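Visitor: Got an experimental structure here, sequence first:
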Amino acid sequence: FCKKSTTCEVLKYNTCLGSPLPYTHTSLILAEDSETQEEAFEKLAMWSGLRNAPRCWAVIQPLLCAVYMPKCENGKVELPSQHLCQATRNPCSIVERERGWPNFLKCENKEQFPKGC
Ligand code: NA
Ligand SMILES: [Zn+2]
């Protein structure tokens, strides 16, 4: 229950929000606001506005990467963990006020954020 079946594509980027990626394949299935790696790129740049709130950023950056450019190997994408999502709710509370969290970034969505892996 910590992986999801999907088709893998070749990464067009070797970096997510400044972090070098140790894998070469991904999928867009977890990011319901993106149908291409180009859209995901754009959406992440938009999210990088939270760099100005380091306490939020330190926890949201690894989350965003796990949702927008997750590792895909052998027809399977790795799901972000519960602890990963939860740690972001308080320090990134401003997101709820400004725009809200979309379905695929709500910690409640157990299908997307299983405990614990
Ligand atoms: Na998508
Ligand atoms: Zn490859």
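Guide: Sure, I can see it. Numbers count the residues shown, from 1 in each chain. Ligands and ions are numbered 1, 2, ... in the order given.

Visitor: which residues of the protein fall in helices?
Guide: Along the chain, the segments classed as helices by DSSP state H run 37-47, 54-68, 82-89, 93-98.

Visitor: how distant is the first one from the center of its chain?
Guide: For helix 37-47, the distance from its own C-alpha centre to the chain's C-alpha centre is 11 Å (Cα atoms, centre = their mean, to the nearest Å).

Visitor: For whichever residue of the chain sits closest to ligand 1, which residues are in contact?
Guide: Of all residues in the chain, residue 28 sits closest to ligand 1, at 3.7 Å by Cβ to the ion. All C-beta spots, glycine's among them, are computed from the backbone N, C-alpha and C. Counting by Cβ atoms under 8 Å, 6 or more residues apart in numbering, residue 28 makes contact with 9, 34, 35, 36, 37, 39, 40.

Visitor: Now for those residues: which two are most distant?
Guide: Across these, no pair lies farther apart than 9 and 39, at 12.9 Å, counting by Cβ to Cβ.

Visitor: What sits closest to residue 73 if chain neighbours are left out?
Guide: Closest residue to residue 73 apart from its sequence neighbours, by Cβ to Cβ, 6 or more residues apart in numbering: residue 25 at 6.2 Å.

Visitor: got it, and residue 69?
Guide: Using Cβ to Cβ, 6+ apart, the nearest residue to residue 69 is residue 16, at 4.6 Å.

Visitor: Also residue 4?
Guide: Nearest to residue 4 is residue 77, by Cβ to Cβ, 6+ apart, at 5.2 Å.
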